[PDB]
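Given as structure tokens, the chain that follows is alone and in the form deposited in one PDB entry.
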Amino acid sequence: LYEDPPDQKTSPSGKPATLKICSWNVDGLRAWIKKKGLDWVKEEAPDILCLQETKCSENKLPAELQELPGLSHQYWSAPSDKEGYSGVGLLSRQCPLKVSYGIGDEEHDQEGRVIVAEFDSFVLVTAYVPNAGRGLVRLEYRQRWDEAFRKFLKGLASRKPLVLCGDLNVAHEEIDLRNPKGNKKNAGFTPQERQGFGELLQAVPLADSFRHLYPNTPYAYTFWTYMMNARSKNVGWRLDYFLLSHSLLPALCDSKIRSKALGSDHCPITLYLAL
């Protein structure tokens, strides 16, 4: 049983939130639209909306999307017929200084997984990290991914404060999933993936915004398998994060998990900063 606390919209020093970022693995744009994903997003009214697993291989974006109120600057993984392609999206009220795609490493840049948007005061990265796979078939690949990604982000953070959000496909600690003992050998909770996530936090460095604010809170999940009504039982995993440069912690007001928002097998997460 989990109840997200009310939105806290001031920083530790009392500054009003000035930026609201929403991130959501949508499990396919079209299916998500059908399930009222966009109605929810219009209620949330974020300054920036980051979407993962759009499954938008085809050139044509749905019309509902370009028309989304306020969020007129929209960046999508380039459409691709490549097998294994996932697609991410980054939509913004303000025009970014600069937008980039991928992580400068060809092995990891074929599947539309990463968008970088630079603003004046910080850089925003959204990512859909590769799942380690059924029977751990993509585990060795995931370890090469974690290292390249860590290095790429360490590079960005050296220029400007960093915000990374998205589906990072790992539950960090035992408190991060309902069933830690049964999943030691499943994608998302292997020691390798937990270790990669620990090295990410250290090397960049980055802080886990939710767990920073709520260090003891259990049953706070962000994903539930469609299988066997896991969501009804809250049999879930926290795979979605906002990770912040330490220098942004004094700007951090709250980090939310939108437990009841329907539309996908993940729920949205939301970040408030005072910048």
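Note that residue numbering follows the sequence shown and begins at 1. Shifts are known only where both forms have a C-alpha. Take the two forms, superpose them, and find the largest set of C-alpha atoms that agree within 1.5 Å; that set is the rigid core.
If you look for the form deposited in another entry, you will not find it shown, but the lines that follow are about it.
- Only one of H108, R150, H172, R142 has its C-alpha shifted by 2 Å or more between this form and the one not shown once the core is superposed, and that residue is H108.
- Contraction of the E106-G89 CA spacing by 3 Å or more is recorded in that other deposited form, set against this form.
- Between this form and the other one, the CA-CA gap for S92 and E106 narrows by 3 Å or more, being smaller in that other deposited form.
- Once the core is fitted, the segments that move between this form and the one not shown, counting only runs of three or more residues with each CA displaced by at least 2 angstroms, are 57 to 60, 78 to 82, 105 to 111, 157 to 159.
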